[PDB]
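Enquirer: Below you will find the structure I want to go over with you.
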Amino acid sequence: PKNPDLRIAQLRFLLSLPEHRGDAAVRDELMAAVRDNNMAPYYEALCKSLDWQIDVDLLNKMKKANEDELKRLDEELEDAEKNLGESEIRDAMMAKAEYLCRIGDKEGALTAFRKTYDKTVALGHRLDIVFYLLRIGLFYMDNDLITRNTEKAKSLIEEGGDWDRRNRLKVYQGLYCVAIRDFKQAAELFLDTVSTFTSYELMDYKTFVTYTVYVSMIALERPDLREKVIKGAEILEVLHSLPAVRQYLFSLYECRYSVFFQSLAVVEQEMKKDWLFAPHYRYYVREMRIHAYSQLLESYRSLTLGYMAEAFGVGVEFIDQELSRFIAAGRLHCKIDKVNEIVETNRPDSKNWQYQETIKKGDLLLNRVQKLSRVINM
Amino acid sequence: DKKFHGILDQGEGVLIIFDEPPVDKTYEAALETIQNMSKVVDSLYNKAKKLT
Amino acid sequence: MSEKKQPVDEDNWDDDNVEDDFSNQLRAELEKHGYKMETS
Amino acid sequence: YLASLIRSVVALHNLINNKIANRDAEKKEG
Amino acid sequence: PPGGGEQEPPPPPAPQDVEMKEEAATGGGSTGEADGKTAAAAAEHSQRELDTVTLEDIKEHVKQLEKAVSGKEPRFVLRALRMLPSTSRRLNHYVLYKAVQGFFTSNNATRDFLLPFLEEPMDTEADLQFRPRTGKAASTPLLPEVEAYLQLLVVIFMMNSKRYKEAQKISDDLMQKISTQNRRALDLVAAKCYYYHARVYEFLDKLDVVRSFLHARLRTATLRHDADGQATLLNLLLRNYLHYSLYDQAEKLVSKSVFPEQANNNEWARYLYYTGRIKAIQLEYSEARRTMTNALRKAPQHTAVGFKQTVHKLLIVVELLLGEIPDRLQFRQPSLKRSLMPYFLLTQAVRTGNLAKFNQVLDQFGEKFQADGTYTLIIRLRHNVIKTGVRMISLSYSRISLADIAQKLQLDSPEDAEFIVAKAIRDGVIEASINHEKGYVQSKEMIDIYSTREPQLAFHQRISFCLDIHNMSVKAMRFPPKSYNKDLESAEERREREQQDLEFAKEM
Amino acid sequence: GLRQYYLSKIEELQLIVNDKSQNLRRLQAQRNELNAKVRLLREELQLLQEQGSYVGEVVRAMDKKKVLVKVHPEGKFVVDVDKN
Amino acid sequence: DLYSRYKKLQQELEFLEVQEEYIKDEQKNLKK
């Protein structure tokens, strides 16, 4: 069973990427390993983590427990053939698959699951098999497995309502979308605060609310941030118990740019060490900052950079450098004059921006189609 | 709040009002059609390369 | 088949060069802490 | 521009179909 | 005895058994089909022989002690092929020799019996009519002494054998230059022999005489025919000139056979790489991009390691010379990350307008760049850094003092800043103007590019491309169909039945 | 000395003929396909004026190539079977 | 003899050209 296992992965990461963080999780992760008679995590964990030179006794005893359980399950299979119910051998191997998946490695679990997928004639059991496969894919980050299982589940759930399974699949799909750099679909799929969050396997509700507010700050704009995330009764009730996130949202919405930076720094520190946000934790930040810059200049026309010093954050040189490096990137359409320190605004037409994207997508597709054309015909 | 598009000038306290043309609806359909064509070209690999 | 050419010798979210341009040390400390020290 | 792109894609598909369907005809003669 | 009584003899018999169907059976099949009735361009044995040579490069690695594989050369030399019963008797004698080697010890041609392999073509009642077969057997015997050269100053024997093979090739070019069957079956063999001789010379000899011989052979060719022989020789000559520091461009710009239009996607990559290198070293950058992209994209897709390293490195260097290269290593390989990390630092310094980082990386990796043979093409780049800095600071600002320009470009002198800005303005890099009396620079802002003509051209190019590709596809349409003479409409004898039924209906 | 002259003249002509022999076959194949299509169309026009054939249910067979069938808008018919 | 080879080569070249020409005409007329 993979209901408690997800947390283990986090601890693993907390020892790999964080250089100095190697003292706290090292004991409770090993406690979780010594419980359940684990053997999967430390074929390579001992290699990557500390040597743990005094380990052979535990290894041998855990192995012997593994063969004991496997032999008992096989003898249950053998007893089950002679007097079968729904081919009770197949229910027995379904029961063995969870243990093999929890203790053993991936290939044995996958083979057992693909063997037992051919027994069930009920749709719910097939959906449960698919959910185990998806959870394993999330645990070990297998892109093809995740994609194939997601499309198979979406095809299979069409028969029969099963709206609970639909909500669970939506949460899983949102987690996968936010795992990659796709925040639009992640914030779109995270509208299940009111349509139930019974998927307590992956996480608790409070983390779900924090994730959904974090992605809603990226994906959507003011006329919707004022309609869905600031007016929601349930999200506001939950947020009332989290002063930091409420402050971080109200600071941006109420246009208190001075206090915004402290919350932004704290949040990015939090998500740097956090799972499934680390590999691009910088990119998120590089939006919010520039986003705030684009949320102030659009009202005035000739605001001086002196005002921004006390209104946005101290340091005229810092603001000058940031503004210059963001102008050079082609976004944040404005202009700055340094002889008199004056910022001017402009309004480019929405046809130039809607043209380079077409040309670049065309270039990429042409390269791909030429490669395809000359792969064939030697 | 995008219910009124113009601009404000603080030097003389002057509200400038201007209009903008509606967004062209021809391009975005072409963009997502290009994306669909990219998906089709991607799918052609499994049909072609699997025996060559 | 082949020649071996003897006589000579998404996986990452999205690929853009802006991500690797960064040489500073985290906005929290290098910038916000560095200029938020009360120099003013 | 778009129409030319679509025509090129269709031509590649037709070439693939013909080559695959015709390469499986020489071995039937033995 | 126990150690080698089951594993050592097996290594001899397994390699001998593999060479039985690798060269003996393959040789017989080529003799009966490729060297028998006729052999076309897509000969079933020519590609087979090339693949066999490539495999044999990693099939036999030891010196073949106790004639494990060395006696295969003595076995293939003991072939007559004079008559069908005579050929059968020669094969039987070779089988008897193999049986003796299984029982007794054959000649251990392991760095000790390469000399006695010269009179074999004149012995064993061999049939010299199959000139391509003799040439292939000589190239393969040369490869056995050229597979690793045995080092320890043993390249002299390989060079002597190569000289004998080259004399045989000159005789073949002399014997029926019209090629009744002299060159029509040995042209690929002649190209391979020339390549092997060039490789041996580059290994342990001098290329001046090889260059003269290659030029003479190419001059002898290109008159009787101008295909399959005017490319490998030209590539070898270009490589020989590339080893030195000659002009290397006068010969390439006069030959009309650089585009033979039939290269099997093999010599085209080398020709394009050489042309791109010459063009980049010849103060020309616009033309070489297409050629070098074609070179990189024509390379073998699987296991080409050392080759795409240098060409892709040169491609990114010259693209930096032009000034835009974000994507280079989206196909990372286990032997690709190590060899491309230093140039990463270069482009990271190049993209920014600063020049101190340029020196900071150059004074560090100058020796490494020299070891890679690109230092002369890497020092002429600071101008591009200044250009990109000026362009960026023109895009960012609109009215800026020149002292700040000098400070943010750290040119160490404000007086040269005005000269640099003027020079940039004159060639059309920017559209700004500077006031000498005041000091600041007033950028000129003019934006409305959709009303400009240029998008039309930017679409014309791709439209023409997409119109060409379709035509090419339809040009490669009907090649696979063949022998479709079957044409039956409805039946053979049904017409009589229909006519009888019509007559019966009319009568009634 | 004239023999080398003659052979050098012969070789290139032989190469040119060998080159052209392929385009000839391509053109012939295309022409054959189009002509077959046209003739098939005309014959298909011709052969559309023949009677249709009924559909029926068979109840049981007999000896020496005889079966019993029953088509709904009529009685039961005992008939024979074609040679195929 | 070698003269016959020469004359045969010229005959084959010319005759193949004529065939190619009228096959092009055939292909043009068939669609019409």
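Chain labels A, B, ... are given in the sequence in which chains occur in the structure tokens; within each chain residues are numbered consecutively from 1, and ligands are likewise numbered from 1 in the order shown.
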Please check the contacts: residues of chain C at most 10 Å away from chain E, using only C-alpha atoms, listed as a list in words.
Expert: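 Matching residues, ligands excluded from the count: residues 1, 2, 3, 4, 5, 6, 7, 8, 9, 11, 12, 15, 16, 17, 18, 20, 21 and 22 of chain C.
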Enquirer: Produce a file of the selected residues containing N, CA, C and O atoms, as a compact mmCIF listing (two decimals), in the first residue's frame.
Expert:
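Wrote again07.txt, looks like this:
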```txt
# COMPACT_ATOMS: atom_id res chain seq x y z
N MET C 1 26.69 -0.63 -43.01
CA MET C 1 26.04 0.54 -42.43
C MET C 1 26.99 1.31 -41.52
O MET C 1 27.95 0.74 -40.99
N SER C 2 26.73 2.61 -41.37
CA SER C 2 27.51 3.51 -40.53
C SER C 2 28.95 3.66 -41.03
O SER C 2 29.37 2.95 -41.95
N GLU C 3 29.69 4.59 -40.43
CA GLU C 3 31.07 4.83 -40.81
C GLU C 3 31.96 4.91 -39.58
O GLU C 3 33.17 4.66 -39.66
N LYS C 4 31.37 5.31 -38.45
CA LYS C 4 32.03 5.42 -37.15
C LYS C 4 32.98 6.61 -37.09
O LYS C 4 33.44 6.98 -36.01
N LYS C 5 33.25 7.21 -38.25
CA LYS C 5 34.05 8.44 -38.38
C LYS C 5 35.28 8.41 -37.47
O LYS C 5 35.46 9.25 -36.58
N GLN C 6 36.13 7.41 -37.71
CA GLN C 6 37.32 7.23 -36.87
C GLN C 6 38.26 8.42 -36.95
O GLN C 6 38.72 8.90 -35.90
N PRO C 7 38.60 8.94 -38.14
CA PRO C 7 39.68 9.92 -38.28
C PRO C 7 39.29 11.34 -37.86
O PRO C 7 39.55 12.31 -38.57
N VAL C 8 38.66 11.45 -36.69
CA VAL C 8 38.41 12.75 -36.08
C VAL C 8 38.93 12.74 -34.65
O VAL C 8 39.66 13.64 -34.23
N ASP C 9 38.56 11.71 -33.88
CA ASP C 9 39.01 11.58 -32.51
C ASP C 9 38.84 10.15 -32.01
O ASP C 9 39.38 9.21 -32.60
N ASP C 11 11.95 17.34 -20.51
CA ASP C 11 12.98 16.91 -19.57
C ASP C 11 13.35 18.02 -18.59
O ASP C 11 13.53 17.77 -17.40
N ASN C 12 13.46 19.26 -19.08
CA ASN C 12 13.65 20.43 -18.22
C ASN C 12 12.58 21.45 -18.56
O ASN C 12 12.84 22.41 -19.29
N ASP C 15 13.21 25.28 -22.00
CA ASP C 15 14.60 25.70 -22.14
C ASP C 15 14.67 27.15 -22.62
O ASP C 15 14.28 27.46 -23.75
N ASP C 16 15.18 28.02 -21.75
CA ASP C 16 15.42 29.42 -22.05
C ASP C 16 16.71 29.82 -21.35
O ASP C 16 17.03 29.29 -20.27
N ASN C 17 17.45 30.75 -21.94
CA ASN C 17 18.75 31.07 -21.38
C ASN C 17 18.66 32.05 -20.22
O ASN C 17 19.67 32.27 -19.55
N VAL C 18 17.49 32.64 -19.98
CA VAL C 18 17.35 33.58 -18.88
C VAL C 18 17.57 32.87 -17.55
O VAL C 18 18.12 33.45 -16.61
N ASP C 20 19.55 30.53 -16.62
CA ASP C 20 20.94 30.32 -16.24
C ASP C 20 21.72 31.62 -16.15
O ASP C 20 22.88 31.60 -15.70
N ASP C 21 21.12 32.74 -16.56
CA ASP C 21 21.83 34.02 -16.54
C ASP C 21 22.20 34.41 -15.12
O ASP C 21 23.25 35.01 -14.88
N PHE C 22 21.32 34.07 -14.17
CA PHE C 22 21.45 34.48 -12.78
C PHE C 22 22.80 34.11 -12.20
O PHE C 22 23.21 32.94 -12.25
```
Enquirer: Within 9 Å of segment 203-221 of chain A, which residues of segment 270-338 of chain A come that close, and what is the closest atom pair and distance in Å for each? Count only C-alpha atoms and give it as a tab-separated table.
Expert:
```
residue	atom	partner	partner_atom	distance
A:284	CA	A:218	CA	8.0
A:287	CA	A:218	CA	7.9
A:288	CA	A:218	CA	7.6
```
Enquirer: Restricting the output to C-alpha atoms, write the selected residues as a short mmCIF file (atom, residue, chain, number, x, y, z; two decimals), in the first residue's frame.
Expert:
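Saved as part15.cif:
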```cif
data_model
loop_
_atom_site.label_atom_id
_atom_site.label_comp_id
_atom_site.auth_asym_id
_atom_site.auth_seq_id
_atom_site.Cartn_x
_atom_site.Cartn_y
_atom_site.Cartn_z
CA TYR A 284 8.31 31.78 -10.04
CA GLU A 287 7.56 36.58 -12.36
CA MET A 288 6.12 38.07 -9.16
#
```
Enquirer: Please report as CSV every residue of chain B lying within 8 Å of chain D, along with the nearest atom pair and their distance in Å (one decimal), using only C-alpha atoms.
Expert:
```
residue,atom,partner,partner_atom,distance
B:30,CA,D:2,CA,7.5
B:37,CA,D:6,CA,7.8
B:41,CA,D:9,CA,7.5
B:44,CA,D:13,CA,7.7
B:48,CA,D:16,CA,6.6
```
Enquirer: Can you tell me, as a ChimeraX atom specification, what residues are no more than 10 Å from residue 82 of chain E when counting only C-alpha atoms, ignoring any on the same chain fewer than 2 positions away?
Expert: /E:79-80,84-88,90,125-129
Enquirer: Could those residues be written to a file, using N, CA and C atoms, as an mmCIF file, in the first residue's frame?
Expert:
```cif
data_model
loop_
_atom_site.group_PDB
_atom_site.id
_atom_site.type_symbol
_atom_site.label_atom_id
_atom_site.label_comp_id
_atom_site.auth_asym_id
_atom_site.auth_seq_id
_atom_site.Cartn_x
_atom_site.Cartn_y
_atom_site.Cartn_z
ATOM 1 N N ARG E 79 43.103 -20.610 -51.687
ATOM 2 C CA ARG E 79 41.905 -20.729 -52.507
ATOM 3 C C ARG E 79 42.304 -20.634 -53.970
ATOM 4 N N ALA E 80 41.773 -21.542 -54.789
ATOM 5 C CA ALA E 80 42.074 -21.575 -56.216
ATOM 6 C C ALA E 80 40.965 -20.941 -57.047
ATOM 7 N N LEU E 84 34.793 -25.167 -61.164
ATOM 8 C CA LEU E 84 33.807 -25.539 -60.150
ATOM 9 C C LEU E 84 34.257 -26.746 -59.342
ATOM 10 N N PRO E 85 34.631 -27.873 -59.953
ATOM 11 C CA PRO E 85 35.268 -28.939 -59.163
ATOM 12 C C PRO E 85 36.578 -28.500 -58.533
ATOM 13 N N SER E 86 37.353 -27.661 -59.226
ATOM 14 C CA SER E 86 38.584 -27.139 -58.641
ATOM 15 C C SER E 86 38.294 -26.247 -57.440
ATOM 16 N N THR E 87 37.258 -25.409 -57.528
ATOM 17 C CA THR E 87 36.887 -24.577 -56.387
ATOM 18 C C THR E 87 36.411 -25.432 -55.221
ATOM 19 N N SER E 88 35.654 -26.493 -55.513
ATOM 20 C CA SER E 88 35.225 -27.403 -54.456
ATOM 21 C C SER E 88 36.422 -28.083 -53.803
ATOM 22 N N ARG E 90 39.477 -26.866 -53.639
ATOM 23 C CA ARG E 90 40.174 -25.858 -52.844
ATOM 24 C C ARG E 90 39.459 -25.612 -51.519
ATOM 25 N N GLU E 125 47.198 -21.700 -56.750
ATOM 26 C CA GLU E 125 46.442 -21.762 -58.005
ATOM 27 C C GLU E 125 45.306 -20.743 -58.027
ATOM 28 N N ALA E 126 45.584 -19.547 -57.519
ATOM 29 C CA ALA E 126 44.562 -18.516 -57.429
ATOM 30 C C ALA E 126 44.133 -18.044 -58.814
ATOM 31 N N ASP E 127 42.896 -17.557 -58.890
ATOM 32 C CA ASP E 127 42.306 -17.042 -60.120
ATOM 33 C C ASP E 127 42.284 -15.520 -60.028
ATOM 34 N N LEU E 128 43.109 -14.869 -60.845
ATOM 35 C CA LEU E 128 43.259 -13.420 -60.811
ATOM 36 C C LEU E 128 42.198 -12.684 -61.620
ATOM 37 N N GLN E 129 41.275 -13.400 -62.268
ATOM 38 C CA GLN E 129 40.250 -12.730 -63.063
ATOM 39 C C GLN E 129 39.400 -11.801 -62.207
#
```
Enquirer: Identify, on the basis of only C-alpha atoms, every residue whose closest approach to residue 15 of chain B does not exceed 12 Å; exclude the query and any residue fewer than 4 positions from it along the same chain; express the result as a PyMOL selection string.
Expert: (chain A and resi 299-301) or (chain B and resi 4-11)
Enquirer: Extract, using only C-alpha atoms, all DNA, RNA and protein residues at most 10 Å from segment 60-64 of chain F, discarding same-chain residues fewer than 5 positions from it, and format them as a PyMOL selection string.
Expert: chain F and resi 69+78-81
Enquirer: How would the residues just chosen look if you wrote them out with C-alpha atoms as a compact mmCIF listing (two decimals), in the first residue's frame?
Expert:
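As a result, again.txt now contains:
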```txt
# COMPACT_ATOMS: atom_id res chain seq x y z
CA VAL F 69 -34.51 -21.85 -49.04
CA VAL F 78 -35.55 -25.96 -53.58
CA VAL F 79 -32.57 -24.85 -55.67
CA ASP F 80 -29.03 -25.82 -56.63
CA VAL F 81 -25.64 -24.33 -55.76
```
Enquirer: Determine which residues of segment 13-76 of chain A DSSP labels as helix (DSSP H, G or I) from the backbone of this structure, then write them out as a PyMOL selection string.
Expert: chain A and resi 13-16+25-37+41-43+45-48+56-76
Enquirer: For the residues in that selection, give me C-alpha atoms as a CSV table (one decimal), in the first residue's frame.
Expert:
```csv
chain,number,residue,atom,x,y,z
A,13,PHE,CA,15.1,14.9,-1.3
A,14,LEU,CA,15.8,16.7,2.0
A,15,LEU,CA,19.0,14.8,2.2
A,16,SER,CA,20.1,14.9,-1.5
A,25,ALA,CA,15.6,13.3,8.7
A,26,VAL,CA,18.4,10.7,8.8
A,27,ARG,CA,16.9,9.2,11.9
A,28,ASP,CA,13.1,9.1,11.3
A,29,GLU,CA,13.5,8.0,7.7
A,30,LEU,CA,15.6,5.1,9.0
A,31,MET,CA,12.9,4.4,11.6
A,32,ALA,CA,10.3,4.2,8.8
A,33,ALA,CA,12.7,1.9,7.0
A,34,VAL,CA,13.2,-0.4,10.0
A,35,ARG,CA,9.5,-0.5,10.4
A,36,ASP,CA,7.4,-2.4,7.7
A,37,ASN,CA,10.6,-4.5,7.2
A,41,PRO,CA,14.6,2.3,-0.1
A,42,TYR,CA,18.2,1.2,0.9
A,43,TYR,CA,19.5,-0.8,-2.0
A,45,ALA,CA,20.1,4.9,0.0
A,46,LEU,CA,23.0,3.5,1.9
A,47,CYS,CA,25.2,4.2,-1.1
A,48,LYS,CA,24.0,7.8,-1.6
A,56,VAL,CA,24.3,-6.6,7.8
A,57,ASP,CA,22.2,-8.1,10.6
A,58,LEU,CA,19.2,-5.8,9.8
A,59,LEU,CA,19.6,-6.6,6.1
A,60,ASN,CA,19.6,-10.4,6.7
A,61,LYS,CA,16.6,-10.3,9.1
A,62,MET,CA,14.5,-8.1,6.9
A,63,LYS,CA,15.3,-10.3,3.9
A,64,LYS,CA,14.2,-13.4,5.9
A,65,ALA,CA,11.0,-11.7,6.8
A,66,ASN,CA,10.5,-10.9,3.1
A,67,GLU,CA,10.8,-14.5,2.1
A,68,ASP,CA,8.5,-15.6,5.0
A,69,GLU,CA,5.8,-13.3,3.7
A,70,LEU,CA,6.3,-14.3,0.1
A,71,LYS,CA,6.1,-18.0,0.9
A,72,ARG,CA,2.9,-17.5,2.9
A,73,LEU,CA,1.3,-15.6,0.1
A,74,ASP,CA,2.4,-18.3,-2.4
A,75,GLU,CA,1.0,-21.1,-0.2
A,76,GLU,CA,-2.3,-19.1,-0.1
```
